[PDB]
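Here's a solo chain for you in structure tokens, the form deposited in one PDB entry.
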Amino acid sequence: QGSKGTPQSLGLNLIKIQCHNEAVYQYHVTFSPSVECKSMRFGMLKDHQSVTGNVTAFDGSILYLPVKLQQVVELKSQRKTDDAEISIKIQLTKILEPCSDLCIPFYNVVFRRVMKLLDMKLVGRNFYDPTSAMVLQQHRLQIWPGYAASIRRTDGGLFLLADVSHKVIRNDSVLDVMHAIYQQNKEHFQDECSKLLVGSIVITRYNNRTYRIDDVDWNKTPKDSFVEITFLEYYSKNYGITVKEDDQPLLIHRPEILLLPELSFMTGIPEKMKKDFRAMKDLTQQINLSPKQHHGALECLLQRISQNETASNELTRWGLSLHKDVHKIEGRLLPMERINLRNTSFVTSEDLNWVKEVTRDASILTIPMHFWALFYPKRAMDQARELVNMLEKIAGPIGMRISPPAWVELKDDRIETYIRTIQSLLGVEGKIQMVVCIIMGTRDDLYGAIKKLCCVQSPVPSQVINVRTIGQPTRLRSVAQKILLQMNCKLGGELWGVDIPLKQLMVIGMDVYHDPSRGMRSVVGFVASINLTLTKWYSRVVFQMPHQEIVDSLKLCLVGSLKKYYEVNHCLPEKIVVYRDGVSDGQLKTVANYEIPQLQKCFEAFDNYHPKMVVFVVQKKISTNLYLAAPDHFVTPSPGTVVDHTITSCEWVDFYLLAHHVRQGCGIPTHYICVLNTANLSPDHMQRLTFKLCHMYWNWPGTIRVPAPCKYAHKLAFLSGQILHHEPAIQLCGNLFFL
């Protein structure tokens, strides 16, 4: 493994588990005659709990024990109803190590029992403590603390991963929300109530079970009956809840699920609070915890487990013993890179942020702007004028030459007026390089119309600027510089670069966009390089339409990218590096076994072309946290920290990278898993190439979480899936029009 970097003393949120047993014995059971119910099998195995011992993990046909029984054992048992004799035979199958891959499930069951005996409650998959709820009465909210905990196996052994998680609950019932909407709205209250109810998840506090309501029933009432018994008697018998008023509607969830609203409480952060800033600033102050508080919470959980004798007894029945502190590993801090502009290059500073340097000095490639149009409304003449003025002053240091725009004043802020004016100027003047539009307020339909026209119907680059951004006089130079850089990227310019250390290399990045209603046309983006310096990009989009498979179209994208690379370079790439992002944890085998070999066959179209290839799988939603071990307490790790041991997977070759700057909280790295390495790349070269590619995002002067092409593909898929609903025009795919 790699050895380049500074040795950084790191701490983890993982607690090591020591196994005191020597082996775990797997047995198979047979029933004669046959018995189908699992409960009956457990009852017979419970009569046979004797002999077999009192520590059992039985799932229906496979039995796990910690005691070595004979090779074959026969037992006779009494059937409950027929009063018959049933023979149960238990036979050894194989001997597993305590830290084996097949022991994880029933170990997780044991740990669920352990945490349940600590008075904790299970909502979803995490364990929350409702007695320590923290009430924001100013907002009528409750924050329930808890942990997401699971036992896993890694190269370094058996570990328990625990992460602090908070749940948001509403103090008021959903019936109270219904009454409020009925109060402030008289006629349209049904539609608004349905709109609020559908997306939101709901719980029931008497049983702490979560349902996702999709519809609301208006006709039935608690007085009615259901599968024959009534709701009121049912609830007053099972729980004795005295219902105050019985005129309420019902709630319908479909996987029927019929719930009452007085007994139902919504979840999730409120919709209104997201737009508020003071509210979210306070909630962020309360929820996100520093590394010191996170470690304190983990230590508190461990202390709580240790001080409880029954919880520890449930673990030591299998010879397991949690340690008294988190696991401390050693990571490496990777060396920094040189960011190159046209005439100067700078050592990236310790902050991994270079916003000033880009604005000060010139870019690799600049496209002169001589013919461009500015479409501004009646009430933004002044600010718009001011904007243009600054665009002329800031342009010189960057090295851009911009002429005055073609001023077009829109007589009214109607969407059709915008579209007609833009189309008319497009038709009359065929030379306009860029259309800049100024919009009043928040209008998403206008944005959709503008981008649909400029990207699909008529292929011209477009930019949208909101009046609030350019209205504030104090912040206009800085925003003008970023706007001009974005326009330069859209025209086909090149801003900065890094020194790529492998020759004849082509980088491909993919990412997948899923609709919030995921049963839709899922979009897969594709961004590849067509330049030796990795500054030009060829981008395509493919859709998951029914009755065909996506890999077939990915082949067309790959072969087209190869042809464009040949046009630019008069050769074909020796090494092709593919960054596959967006795949879940349960499809790694599917991607590695099927998709990558399928793509590899497209290369036969070019005669006698066998490229070396490295394929990665990128995962962002990991639950591992890193801490830096300062002499005083736990702080944020430095950007650029790599971990390649003691938490990696034992099946693949993989590593964890932290490349961005965490302003507050514990760092969450990115997991890179290599499924194909035909090029025989050393691990260190893989790590440093990924870290370099994290610097090539031209829409943010600084390092990002994922490689640049993955982010570009994600942005293209998002644009093509939500805003455009259609493939972009082929003419625009040569440049990064989608920024």
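Don't overthink the numbering: it's just position in the shown sequence, from 1. C-alpha atoms forming the largest set that superposes within 1.5 Å between two forms make up the rigid core.
There is also a form deposited in another entry; it is not shown, and the following applies to it.
Student: Please look at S584, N569, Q423, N238 and say which one has a C-alpha shift reaching 2 Å or more between the shown form and the other one, core superposed.
Tutor: Looking at each option in turn, only one qualifies, and it is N238.
Student: Superpose the two forms on their rigid core, then report whether the C-alpha of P631 is displaced by 2 angstroms or more between the shown form and the other one.
Tutor: Superposed on the core, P631 moves its C-alpha less than 2 Å between the shown form and the other one.
Student: Core-aligned, does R170 move its Cα 2 Å or more between the shown form and the other one?
Tutor: Where the cores coincide, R170 still shows a C-alpha shift between the shown form and the other one that is 2 Å or more.
Student: Any CA movement of 2 Å or more for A180 between the shown form and the other one, core superposed?
Tutor: Comparing forms between the shown form and the other one, the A180 CA shifts at least 2 Å.
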